[PDB]
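Working notes for the structure below.
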Amino acid sequence: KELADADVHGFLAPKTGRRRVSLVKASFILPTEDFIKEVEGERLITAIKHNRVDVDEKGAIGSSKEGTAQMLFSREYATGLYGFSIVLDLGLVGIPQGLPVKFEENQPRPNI
RNA sequence: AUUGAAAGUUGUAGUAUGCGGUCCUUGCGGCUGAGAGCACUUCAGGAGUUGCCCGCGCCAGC
């Protein structure tokens with residue numbers, strides 16, 4: 001009632017339990033098996049290098065002994081046609097997990 | 001709603017700043033498209049042909 005993120009994405013309270021599962025679930029993101037079959041070889045993974053140049057007070061630069069921040073790192077970039085799948089059980093938003101229905105007047109009305 | 005319930009391996013980072021593919025170099029020197037050659041030799045603008053035939057300078061004039 002007082003929180004919205006805890007309602008939709010669940011939460012956990014080790015003090016007294018009160019576990020509520022997430023109402024929205026998602027799967028991994030894989031390239032489709034058709035793409036994998038049709039490429040067979042090829043890397044489709046590129047290691048691109050990026051630098052961080054740090055000019056000194058006038059114009060100077062150092063590698064690892066002047067205390068400056070000048071490095072040369074690398075990052076992996078991928079491609080391909082990926083597959084996604086999500087399931088949103090939004091029908092339970094605002095209804096307590098333990099009491100899906102109230103059933104007080106002999107009708108199974110939702111316990112909102 | 002199950003070894004279960006919530007859970008970014010994440011946020012900042014120029015593989016940069018300067019550098020003439022440049023300077024010298026004749027596709028040049030010598031070379032007759034030249035020498036011999038009748039557009040010549042034989043040819044009538046020629047033969048025949050009337051500038052013809054008839055014709056009052058005329059009659060009256062002191």
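Letters for chains follow the order of the structure tokens (A, B, ...), residue numbers begin at 1 for each chain, and ligand numbers begin at 1 in the order shown.
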Spatial neighbours of residue 13 (chain B), 9 Å, only C-alpha atoms (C1' of nucleotides), chain gap at least 4 places, as a ChimeraX atom specification | /A:50-53,71,73
Should the cut-off be 8 Å, what would the residue list for chain B against chain A look like, counting only C-alpha atoms (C1' of nucleotides), as a PyMOL selection string? chain B and resi 1+5-6+13-16
Any chance you could export the current selection's C-alpha atoms (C1' of nucleotides) as a PDB file, in the first residue's frame?
ATOM      1  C1'   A B   1       5.105 -19.124  -6.553  1.00  0.00           C
ATOM      2  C1'   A B   5      11.496 -15.078  -1.979  1.00  0.00           C
ATOM      3  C1'   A B   6      14.398  -9.388  -3.268  1.00  0.00           C
ATOM      4  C1'   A B  13      37.748   7.413 -20.231  1.00  0.00           C
ATOM      5  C1'   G B  14      39.677  11.056 -28.047  1.00  0.00           C
ATOM      6  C1'   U B  15      44.412   4.231 -28.989  1.00  0.00           C
ATOM      7  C1'   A B  16      45.514  10.662 -29.260  1.00  0.00           C
TER       8        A B  16
END
Q.
Which of chain A end up as strand (DSSP E) when DSSP is run on this backbone - answer as an MDAnalysis selection string?
A. chainID A and resid 11:13 17:20 24:26 30:31 45:52 71:78 82:83 86:88
From CA of residue 47 (chain A) to CA of residue 34 (chain A) the spacing works out at 24.7 Å
Determine, counting only C-alpha atoms (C1' of nucleotides), which protein, DNA and RNA residues have an atom within 10 Å of an atom of region 83-85 of chain A; residues of the same chain fewer than 2 positions away are not included. Present the result as a list in words.
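With the cut-off at 10 Å, the set is residues 25, 26, 27, 28, 29, 30, 31, 32, 33, 80, 81 and 87 of chain A.
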Restricting the output to C-alpha atoms, write the selected residues as an mmCIF file, in the first residue's frame.
data_model
loop_
_atom_site.group_PDB
_atom_site.id
_atom_site.type_symbol
_atom_site.label_atom_id
_atom_site.label_comp_id
_atom_site.auth_asym_id
_atom_site.auth_seq_id
_atom_site.Cartn_x
_atom_site.Cartn_y
_atom_site.Cartn_z
ATOM 1 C CA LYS A 25 9.902 -11.916 -14.988
ATOM 2 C CA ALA A 26 12.357 -11.807 -17.879
ATOM 3 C CA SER A 27 14.533 -14.324 -19.693
ATOM 4 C CA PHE A 28 18.036 -14.083 -21.127
ATOM 5 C CA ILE A 29 18.851 -12.362 -24.429
ATOM 6 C CA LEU A 30 20.388 -14.865 -26.830
ATOM 7 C CA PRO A 31 20.994 -14.607 -30.572
ATOM 8 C CA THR A 32 18.493 -16.828 -32.342
ATOM 9 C CA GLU A 33 19.594 -20.351 -33.214
ATOM 10 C CA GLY A 80 23.657 -10.204 -34.046
ATOM 11 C CA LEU A 81 19.903 -10.711 -33.942
ATOM 12 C CA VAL A 87 6.122 -12.239 -18.723
#
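Using only C-alpha atoms, the shortest contact distance between residue 42 (chain A) and any of A:99, A:5, A:79, A:92 is found at A:79.
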Residues within 7 Å of residue 93 (chain A), only C-alpha atoms (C1' of nucleotides), excluding chain neighbours under 2 positions, as a VMD selection string = chain A and resid 7 to 8 90 to 91 95
Please write the residues from the selection above to a file, keeping N, CA and C atoms, as a PDB file, in the first residue's frame.
ATOM      1  N   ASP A   7       5.711  -3.599  -4.527  1.00  0.00           N
ATOM      2  CA  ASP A   7       4.512  -4.296  -4.976  1.00  0.00           C
ATOM      3  C   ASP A   7       4.754  -5.015  -6.298  1.00  0.00           C
ATOM      4  N   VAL A   8       5.371  -4.332  -7.261  1.00  0.00           N
ATOM      5  CA  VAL A   8       5.498  -4.891  -8.602  1.00  0.00           C
ATOM      6  C   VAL A   8       6.693  -5.829  -8.694  1.00  0.00           C
ATOM      7  N   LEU A  90       0.654  -8.649 -14.237  1.00  0.00           N
ATOM      8  CA  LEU A  90       0.176  -7.413 -13.630  1.00  0.00           C
ATOM      9  C   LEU A  90      -1.197  -7.555 -12.988  1.00  0.00           C
ATOM     10  N   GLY A  91      -1.881  -8.680 -13.183  1.00  0.00           N
ATOM     11  CA  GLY A  91      -3.199  -8.857 -12.601  1.00  0.00           C
ATOM     12  C   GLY A  91      -3.218  -8.949 -11.090  1.00  0.00           C
ATOM     13  N   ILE A  95      -2.892  -6.559  -4.777  1.00  0.00           N
ATOM     14  CA  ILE A  95      -3.518  -7.657  -4.042  1.00  0.00           C
ATOM     15  C   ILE A  95      -2.446  -8.337  -3.198  1.00  0.00           C
TER      16      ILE A  95
END
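The space separating CA of residue 94 (chain A) from CA of residue 110 (chain A) comes to 9.8 Å.
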*asked:* Would you compute the distance between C1' of residue 2 (chain B) and CA of residue 16 (chain A)? Give it in Å to one decimal.
replied: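 A separation of 20.7 Å between them.
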Problem set entry | Per-residue DSSP, region 33-82 of chain A, filtered to helix (DSSP H, G or I), as an NGL selection string | :A and (33-39)
Got time to write the residues from that selection, N, CA, C and O atoms, as a PDB file, in the first residue's frame?
ATOM      1  N   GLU A  33      18.849 -19.192 -32.737  1.00  0.00           N
ATOM      2  CA  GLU A  33      19.594 -20.351 -33.214  1.00  0.00           C
ATOM      3  C   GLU A  33      19.697 -20.370 -34.734  1.00  0.00           C
ATOM      4  O   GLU A  33      20.638 -20.954 -35.281  1.00  0.00           O
ATOM      5  N   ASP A  34      18.748 -19.740 -35.432  1.00  0.00           N
ATOM      6  CA  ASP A  34      18.867 -19.608 -36.881  1.00  0.00           C
ATOM      7  C   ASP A  34      20.087 -18.776 -37.254  1.00  0.00           C
ATOM      8  O   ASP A  34      20.838 -19.132 -38.171  1.00  0.00           O
ATOM      9  N   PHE A  35      20.305 -17.667 -36.543  1.00  0.00           N
ATOM     10  CA  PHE A  35      21.481 -16.838 -36.788  1.00  0.00           C
ATOM     11  C   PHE A  35      22.764 -17.615 -36.522  1.00  0.00           C
ATOM     12  O   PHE A  35      23.711 -17.558 -37.316  1.00  0.00           O
ATOM     13  N   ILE A  36      22.803 -18.363 -35.417  1.00  0.00           N
ATOM     14  CA  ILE A  36      23.989 -19.144 -35.077  1.00  0.00           C
ATOM     15  C   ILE A  36      24.257 -20.200 -36.142  1.00  0.00           C
ATOM     16  O   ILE A  36      25.405 -20.410 -36.554  1.00  0.00           O
ATOM     17  N   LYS A  37      23.205 -20.883 -36.600  1.00  0.00           N
ATOM     18  CA  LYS A  37      23.369 -21.875 -37.658  1.00  0.00           C
ATOM     19  C   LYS A  37      23.895 -21.235 -38.934  1.00  0.00           C
ATOM     20  O   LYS A  37      24.785 -21.786 -39.594  1.00  0.00           O
ATOM     21  N   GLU A  38      23.362 -20.069 -39.300  1.00  0.00           N
ATOM     22  CA  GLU A  38      23.711 -19.468 -40.579  1.00  0.00           C
ATOM     23  C   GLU A  38      25.065 -18.770 -40.565  1.00  0.00           C
ATOM     24  O   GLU A  38      25.638 -18.550 -41.638  1.00  0.00           O
ATOM     25  N   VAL A  39      25.597 -18.420 -39.396  1.00  0.00           N
ATOM     26  CA  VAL A  39      26.924 -17.814 -39.368  1.00  0.00           C
ATOM     27  C   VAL A  39      28.028 -18.863 -39.226  1.00  0.00           C
ATOM     28  O   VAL A  39      29.104 -18.702 -39.814  1.00  0.00           O
TER      29      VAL A  39
END
